[PDB]
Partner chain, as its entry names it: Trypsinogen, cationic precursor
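Quick heads-up: it's one chain on its own, the form deposited without its partner chain, in C-alpha coordinates.
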(Lines give C-alpha, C1' and ligand atoms only; values in the text may rest on other atoms or scores of the structure.)
Protein backbone atom coordinates (compact mmCIF):
# COMPACT_ATOMS: atom_id res chain seq x y z
CA UNK A 1 0.00 0.00 0.00
CA UNK A 2 1.29 3.48 0.91
CA UNK A 3 -0.15 4.22 4.35
CA UNK A 4 1.07 0.88 5.72
CA UNK A 5 4.26 2.30 7.32
CA UNK A 6 2.18 4.85 9.20
CA UNK A 7 -0.18 2.15 10.44
CA UNK A 8 2.78 0.00 11.51
CA UNK A 9 4.14 2.86 13.61
CA UNK A 10 0.71 3.66 15.03
CA UNK A 11 0.42 0.05 16.19
CA UNK A 12 3.80 -0.11 17.96
CA UNK A 13 3.10 3.30 19.43
CA UNK A 14 -0.21 2.10 20.88
CA UNK A 15 1.22 -1.29 21.87
CA UNK A 16 3.99 0.27 23.93
CA UNK A 17 1.52 2.51 25.75
CA UNK A 18 -0.51 -0.54 26.80
CA UNK A 19 2.56 -2.64 27.55
CA UNK A 20 4.10 0.05 29.77
CA UNK A 21 1.02 0.26 31.97
CA UNK A 22 1.59 -3.35 33.05
CA UNK A 23 3.57 -6.46 32.19
CA UNK A 24 1.13 -9.09 33.45
CA UNK A 25 -1.84 -8.24 31.23
CA UNK A 26 -2.70 -9.90 27.92
CA UNK A 27 -2.95 -7.41 25.04
CA UNK A 28 -5.01 -7.67 21.87
CA UNK A 29 -6.20 -4.93 19.55
CA UNK A 30 -6.48 -4.18 15.84
CA UNK A 31 -4.31 -1.34 14.45
CA UNK A 32 -6.26 -1.30 11.18
CA UNK A 33 -9.67 -1.43 12.82
CA UNK A 34 -8.94 1.51 15.15
CA UNK A 35 -7.04 3.75 12.71
CA UNK A 36 -9.76 3.40 10.08
CA UNK A 37 -12.39 4.14 12.75
CA UNK A 38 -10.94 7.58 13.32
CA UNK A 39 -9.67 8.31 9.83
CA UNK A 40 -13.37 8.00 9.05
CA UNK A 41 -14.39 10.33 11.87
CA UNK A 42 -11.91 12.89 10.53
CA UNK A 43 -14.31 13.34 7.60
CA UNK A 44 -16.78 15.05 9.89
CA UNK A 45 -14.26 17.25 11.69
CA UNK A 46 -12.32 20.43 10.94
CA UNK A 47 -9.30 22.45 12.02
CA UNK A 48 -7.43 21.30 15.09
CA UNK A 49 -10.02 18.65 15.90
CA UNK A 50 -9.52 17.12 12.47
CA UNK A 51 -5.76 17.65 12.35
CA UNK A 52 -5.23 16.21 15.83
CA UNK A 53 -6.83 12.89 14.84
CA UNK A 54 -4.84 12.18 11.67
CA UNK A 55 -1.61 13.08 13.45
CA UNK A 56 -2.55 10.92 16.41
CA UNK A 57 -2.72 8.12 13.84
CA UNK A 58 0.87 8.91 12.88
CA UNK A 59 0.33 10.85 9.68
CA UNK A 60 2.42 13.91 8.84
CA UNK A 61 -0.15 16.24 7.24
CA UNK A 62 2.87 18.31 6.16
CA UNK A 63 4.11 15.64 3.75
CA UNK A 64 1.07 13.51 2.90
CA UNK A 65 -2.19 14.49 1.06
CA UNK A 66 -5.36 13.68 3.02
CA UNK A 67 -7.05 12.28 -0.09
CA UNK A 68 -4.18 9.77 -0.17
CA UNK A 69 -5.08 8.64 3.34
CA UNK A 70 -8.81 7.99 2.86
CA UNK A 71 -7.89 6.64 -0.57
CA UNK A 72 -5.80 3.94 1.09
CA UNK A 73 -8.24 2.98 3.83
CA UNK A 74 -10.99 2.47 1.24
CA UNK A 75 -8.91 -0.08 -0.66
CA UNK A 76 -7.70 -1.76 2.52
CA UNK A 77 -11.19 -2.05 4.01
CA UNK A 78 -12.29 -3.05 0.50
CA UNK A 79 -10.22 -6.24 0.40
CA UNK A 80 -10.98 -7.08 4.02
CA UNK A 81 -14.68 -7.39 3.22
CA UNK A 82 -14.48 -9.55 0.10
CA UNK A 83 -17.46 -11.96 0.32
CA UNK A 84 -15.20 -14.60 -1.27
CA UNK A 85 -12.44 -14.20 1.31
CA UNK A 86 -11.20 -17.43 2.90
CA UNK A 87 -10.07 -15.18 5.74
CA UNK A 88 -13.57 -14.58 7.17
CA UNK A 89 -12.77 -11.36 9.01
CA UNK A 90 -15.91 -9.97 10.63
CA UNK A 91 -15.36 -6.35 11.66
CA UNK A 92 -17.63 -3.33 11.89
CA UNK A 93 -18.16 0.24 13.05
CA UNK A 94 -21.15 1.36 15.07
CA UNK A 95 -21.88 5.08 14.75
CA UNK A 96 -24.53 6.11 17.29
CA UNK A 97 -25.75 9.72 17.40
CA UNK A 98 -28.45 11.30 19.57
CA UNK A 99 -31.97 11.24 18.15
CA UNK A 100 -33.28 14.33 16.43
CA UNK A 101 -30.08 15.79 15.02
CA UNK A 102 -29.29 17.37 11.64
CA UNK A 103 -26.61 15.19 10.05
CA UNK A 104 -24.85 16.33 6.88
CA UNK A 105 -25.97 13.76 4.31
CA UNK A 106 -22.61 14.06 2.56
CA UNK A 107 -21.10 12.63 5.73
CA UNK A 108 -23.56 9.77 6.16
CA UNK A 109 -22.74 9.08 2.52
CA UNK A 110 -18.93 8.97 2.72
CA UNK A 111 -19.11 6.83 5.87
CA UNK A 112 -20.88 4.41 3.52
CA UNK A 113 -18.96 4.28 0.23
CA UNK A 114 -15.52 4.78 1.77
CA UNK A 115 -15.51 3.25 5.26
CA UNK A 116 -18.30 0.67 4.88
CA UNK A 117 -19.74 1.95 8.16
CA UNK A 118 -23.28 2.23 9.49
CA UNK A 119 -24.70 5.29 11.23
CA UNK A 120 -27.62 5.10 13.66
CA UNK A 121 -29.68 7.61 15.65
CA UNK A 122 -31.03 6.71 19.09
CA UNK A 123 -32.69 8.17 22.18
CA UNK A 124 -29.82 8.70 24.61
CA UNK A 125 -32.24 9.98 27.23
CA UNK A 126 -33.13 6.38 28.05
CA UNK A 127 -29.77 4.93 29.13
CA UNK A 128 -30.67 1.29 29.83
CA UNK A 129 -32.58 1.36 26.54
CA UNK A 130 -30.00 2.84 24.17
CA UNK A 131 -27.26 0.68 25.70
CA UNK A 132 -29.30 -2.47 25.14
CA UNK A 133 -29.57 -1.43 21.48
CA UNK A 134 -25.89 -0.72 20.81
CA UNK A 135 -25.03 -4.18 22.11
CA UNK A 136 -27.77 -5.77 20.00
CA UNK A 137 -26.08 -4.21 16.98
CA UNK A 138 -22.71 -5.86 17.56
CA UNK A 139 -24.22 -9.20 18.58
CA UNK A 140 -26.47 -9.43 15.53
CA UNK A 141 -23.41 -8.39 13.55
CA UNK A 142 -20.85 -10.74 15.10
CA UNK A 143 -22.95 -13.91 14.85
CA UNK A 144 -23.32 -13.49 18.60
CA UNK A 145 -19.60 -13.96 19.23
CA UNK A 146 -19.44 -10.64 21.08
CA UNK A 147 -22.10 -9.91 23.72
CA UNK A 148 -22.84 -7.23 26.35
CA UNK A 149 -20.08 -5.01 24.95
CA UNK A 150 -21.15 -1.65 26.40
CA UNK A 151 -21.25 -1.81 30.19
CA UNK A 152 -22.59 1.69 30.82
CA UNK A 153 -23.48 5.00 29.13
CA UNK A 154 -22.90 8.56 30.36
CA UNK A 155 -25.74 11.06 30.83
CA UNK A 156 -25.25 13.64 28.07
CA UNK A 157 -24.15 11.07 25.49
CA UNK A 158 -24.81 12.41 21.99
CA UNK A 159 -22.14 10.64 19.97
CA UNK A 160 -20.86 7.12 20.60
CA UNK A 161 -18.55 4.96 18.48
CA UNK A 162 -18.36 1.16 18.71
CA UNK A 163 -15.47 -0.60 16.97
CA UNK A 164 -15.27 -4.40 17.04
CA UNK A 165 -13.47 -7.21 15.24
CA UNK A 166 -13.61 -11.01 15.33
CA UNK A 167 -11.19 -13.49 13.79
CA UNK A 168 -10.47 -17.21 13.73
CA UNK A 169 -8.10 -18.22 10.96
CA UNK A 170 -7.64 -21.50 9.15
CA UNK A 171 -4.03 -22.69 8.99
CA UNK A 172 -2.67 -23.48 5.54
CA UNK A 173 -0.91 -26.35 7.29
CA UNK A 174 -3.13 -27.36 10.27
CA UNK A 175 -2.45 -29.23 13.48
CA UNK A 176 -4.14 -32.49 14.51
CA UNK A 177 -6.65 -32.25 17.37
CA UNK A 178 -5.47 -35.72 18.45
CA UNK A 179 -2.03 -34.38 19.38
CA UNK A 180 -3.27 -31.48 21.46
CA UNK A 181 -2.63 -32.09 25.17
CA UNK A 182 -2.19 -30.09 28.37
CA UNK A 183 1.23 -28.65 29.09
CA UNK A 184 2.67 -26.14 31.53
CA UNK A 185 2.76 -22.48 30.55
CA UNK A 186 5.12 -20.21 32.53
CA UNK A 187 3.26 -17.05 33.51
CA UNK A 188 6.47 -16.14 35.37
CA UNK A 189 9.92 -17.39 36.41
CA UNK A 190 8.55 -19.77 39.08
CA UNK A 191 4.84 -20.17 38.33
CA UNK A 192 2.90 -22.28 35.83
CA UNK A 193 -0.64 -22.93 34.65
CA UNK A 194 -2.01 -25.67 32.38
CA UNK A 195 -3.19 -24.91 28.86
CA UNK A 196 -4.12 -27.08 25.89
CA UNK A 197 -0.99 -27.17 23.73
CA UNK A 198 -1.08 -27.97 20.02
CA UNK A 199 1.95 -29.73 18.56
CA UNK A 200 3.32 -30.98 15.27
CA UNK A 201 6.69 -31.98 13.91
CA UNK A 202 7.09 -30.35 10.52
CA UNK A 203 8.82 -27.80 8.31
CA UNK A 204 8.34 -24.29 9.64
CA UNK A 205 9.47 -20.80 8.73
CA UNK A 206 11.15 -20.50 12.10
CA UNK A 207 14.48 -19.11 13.29
CA UNK A 208 16.15 -17.68 16.36
CA UNK A 209 17.12 -14.01 16.08
CA UNK A 210 20.14 -12.66 17.96
CA UNK A 211 19.18 -9.00 17.63
CA UNK A 212 15.72 -9.65 19.07
CA UNK A 213 16.88 -12.47 21.34
CA UNK A 214 13.81 -14.41 20.28
CA UNK A 215 12.50 -17.31 18.28
CA UNK A 216 10.56 -15.96 15.27
CA UNK A 217 7.82 -18.15 13.80
CA UNK A 218 5.77 -17.31 10.72
CA UNK A 219 2.66 -19.26 9.78
CA UNK A 220 0.26 -18.76 6.92
CA UNK A 221 -3.51 -18.54 7.14
CA UNK A 222 -5.88 -19.42 4.30
CA UNK A 223 -6.98 -16.09 2.83
CA UNK A 224 -3.54 -14.50 2.50
CA UNK A 225 -2.78 -13.52 6.11
CA UNK A 226 0.39 -14.33 8.05
CA UNK A 227 0.86 -14.79 11.78
CA UNK A 228 4.24 -13.82 13.26
CA UNK A 229 5.00 -15.06 16.78
CA UNK A 230 7.92 -13.82 18.91
CA UNK A 231 9.15 -16.03 21.75
CA UNK A 232 11.73 -13.93 23.68
CA UNK A 233 14.67 -15.60 25.42
CA UNK A 234 14.79 -15.64 29.24
CA UNK A 235 14.30 -12.10 30.51
CA UNK A 236 14.21 -10.46 27.08
CA UNK A 237 10.49 -9.66 26.74
CA UNK A 238 10.88 -5.90 27.24
CA UNK A 239 13.97 -5.86 25.04
CA UNK A 240 11.83 -7.41 22.32
CA UNK A 241 8.95 -4.96 22.75
CA UNK A 242 11.34 -2.07 22.23
CA UNK A 243 13.37 -3.37 19.29
CA UNK A 244 10.43 -4.14 17.01
CA UNK A 245 10.13 -1.97 13.91
CA UNK A 246 8.27 -2.15 10.62
CA UNK A 247 11.48 -2.95 8.74
CA UNK A 248 12.43 -5.81 11.05
CA UNK A 249 9.05 -7.43 10.38
CA UNK A 250 9.34 -6.82 6.65
CA UNK A 251 12.66 -8.63 6.49
CA UNK A 252 11.15 -11.70 8.14
CA UNK A 253 8.31 -11.77 5.59
CA UNK A 254 10.65 -11.94 2.62
CA UNK A 255 12.20 -15.15 3.91
CA UNK A 256 10.57 -18.35 2.65
CA UNK A 257 13.09 -20.79 4.14
CA UNK A 258 11.70 -23.66 6.17
CA UNK A 259 13.48 -25.83 8.69
CA UNK A 260 12.59 -28.88 10.71
CA UNK A 261 11.13 -28.41 14.18
CA UNK A 262 8.87 -29.89 16.80
CA UNK A 263 6.55 -26.95 17.54
CA UNK A 264 4.30 -26.55 20.59
CA UNK A 265 1.83 -23.65 20.27
CA UNK A 266 -1.02 -22.96 22.69
CA UNK A 267 -4.65 -23.27 21.62
CA UNK A 268 -6.36 -20.22 23.07
CA UNK A 269 -8.87 -17.40 22.79
CA UNK A 270 -8.02 -13.77 23.58
CA UNK A 271 -10.02 -10.59 23.83
CA UNK A 272 -9.06 -6.97 24.20
CA UNK A 273 -11.46 -4.30 25.43
CA UNK A 274 -10.30 -0.71 25.44
CA UNK A 275 -11.64 2.74 26.14
CA UNK A 276 -10.47 4.60 23.03
CA UNK A 277 -10.86 7.97 24.77
CA UNK A 278 -8.65 6.94 27.67
CA UNK A 279 -6.12 5.13 25.50
CA UNK A 280 -6.00 7.47 22.48
CA UNK A 281 -5.74 10.40 24.86
CA UNK A 282 -2.15 9.49 25.77
CA UNK A 283 -1.36 9.52 22.04
CA UNK A 284 -2.50 13.12 21.73
CA UNK A 285 -6.09 12.82 20.49
CA UNK A 286 -8.28 14.82 22.90
CA UNK A 287 -10.02 17.76 21.25
CA UNK A 288 -12.55 15.44 19.59
CA UNK A 289 -13.61 14.17 23.03
CA UNK A 290 -14.04 17.72 24.32
CA UNK A 291 -16.65 20.46 24.16
CA UNK A 292 -14.62 22.47 21.68
CA UNK A 293 -14.73 19.54 19.26
CA UNK A 294 -15.24 20.85 15.73
CA UNK A 295 -17.59 18.18 14.35
CA UNK A 296 -19.45 20.45 11.92
CA UNK A 297 -18.81 17.79 9.28
CA UNK A 298 -21.31 15.51 11.02
CA UNK A 299 -23.95 17.92 12.31
CA UNK A 300 -24.05 21.39 10.77
CA UNK A 301 -25.76 23.51 13.42
CA UNK A 302 -25.84 21.82 16.84
CA UNK A 303 -22.81 21.30 19.17
CA UNK A 304 -21.34 17.78 19.02
CA UNK A 305 -18.47 15.76 20.54
CA UNK A 306 -17.50 12.09 20.83
CA UNK A 307 -18.74 10.99 24.25
CA UNK A 308 -17.61 7.37 24.13
CA UNK A 309 -15.51 5.19 21.84
CA UNK A 310 -14.88 1.50 22.44
CA UNK A 311 -12.72 -1.10 20.71
CA UNK A 312 -13.26 -4.82 21.21
CA UNK A 313 -11.05 -7.48 19.62
CA UNK A 314 -11.51 -11.26 19.69
CA UNK A 315 -8.98 -13.76 18.37
CA UNK A 316 -9.21 -17.52 18.52
CA UNK A 317 -6.28 -19.77 17.70
CA UNK A 318 -6.90 -23.51 17.26
CA UNK A 319 -5.84 -26.61 15.23
CA UNK A 320 -8.08 -26.18 12.17
CA UNK A 321 -6.98 -25.71 8.91
CA UNK A 322 -10.55 -24.95 7.83
CA UNK A 323 -13.97 -26.17 8.91
CA UNK A 324 -13.36 -29.08 6.52
CA UNK A 325 -10.44 -30.80 4.74
CA UNK A 326 -9.56 -31.48 1.10
CA UNK A 327 -6.22 -30.45 -0.46
CA UNK A 328 -3.65 -32.18 1.81
CA UNK A 329 0.08 -31.08 1.61
CA UNK A 330 2.90 -33.48 2.45
CA UNK A 331 6.15 -32.24 3.98
CA UNK A 332 9.49 -33.98 3.66
CA UNK A 333 11.15 -34.14 7.08
CA UNK A 334 14.98 -34.39 7.11
CA UNK A 335 16.54 -37.23 9.32
CA UNK A 336 18.68 -34.75 11.35
CA UNK A 337 17.40 -34.20 14.92
CA UNK A 338 14.79 -31.41 15.02
CA UNK A 339 14.75 -28.65 17.67
CA UNK A 340 11.74 -28.61 20.00
CA UNK A 341 10.36 -25.09 20.19
CA UNK A 342 7.71 -24.50 22.85
CA UNK A 343 5.67 -21.33 23.15
CA UNK A 344 5.09 -22.01 26.83
CA UNK A 345 5.92 -18.54 28.12
CA UNK A 346 4.84 -14.95 27.39
CA UNK A 347 5.16 -14.12 23.71
CA UNK A 348 4.23 -11.29 21.35
CA UNK A 349 2.47 -11.72 18.01
CA UNK A 350 1.31 -9.88 14.88
CA UNK A 351 -1.14 -10.95 12.20
CA UNK A 352 -0.18 -9.33 8.89
CA UNK A 353 -2.22 -9.02 5.72
CA UNK A 354 0.06 -10.33 2.95
CA UNK A 355 -1.29 -7.98 0.28
CA UNK A 356 -0.88 -4.63 2.05
CA UNK A 357 1.53 -5.61 4.84
CA UNK A 358 -0.88 -3.90 7.20
CA UNK A 359 -1.11 -5.23 10.76
CA UNK A 360 -4.59 -6.66 11.32
CA UNK A 361 -3.78 -7.58 14.94
CA UNK A 362 -1.06 -7.07 17.52
CA UNK A 363 -1.06 -8.72 20.89
CA UNK A 364 0.68 -10.33 23.81
CA UNK A 365 -0.15 -13.48 25.75
CA UNK A 366 1.12 -13.51 29.34
CA UNK A 367 -1.51 -15.73 30.99
CA UNK A 368 -3.62 -17.91 28.61
CA UNK A 369 -6.22 -18.60 31.30
CA UNK A 370 -6.82 -14.94 32.13
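Rigid core here is just the name for the largest C-alpha set that superposes within 1.5 Å across the two forms. Residues that one form lacks are left out of the comparison. Positions refer to the first chain, counted from 1.
There is also a form deposited with its partner chain bound; it is not shown, and the following applies to it.
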My question is simply whether residue 257 lines the interface with its partner chain in the entry with it bound - judged by any non-hydrogen atom within 4.5 Å. yes
Give a yes/no on whether residue 337 approaches its partner chain to within 4.5 Å in the entry with it bound, heavy atoms considered. yes
Touches its partner chain in the entry with it bound: residue 201 (any heavy atom, 4.5 Å): yes
Taking any heavy atom pair closer than or equal to 4.5 Å as contact, tell me whether residue 333 reaches its partner chain in the entry with it bound. yes
From first to last in sequence, which residues of 11-34 have any non-hydrogen atom within 4.5 angstroms of its partner chain in the entry with it bound? none
After the core is overlaid between the shown form and the other one, has the C-alpha of residue 344 moved by 2 angstroms or more? no
Is_shifted residue 26 between the shown form and the other one (CA, 2 Å cut-off, rigid core): no
Aligning on the core only, does the CA of residue 307 end up 2 angstroms or more away between the shown form and the other one? no
Your call: residue 327 and residue 262 CA atoms, closer or farther in the entry with it bound versus the shown structure, by 3 Å or more? closer
Cα-Cα trend for residue 168 and residue 325, given that in the entry with it bound the distance shifts by 3 Å or more: farther
What parts move between the shown form and the other one when you lay the two on the core: runs of 3+ residues, each CA off by 2 Å or more? 322-330
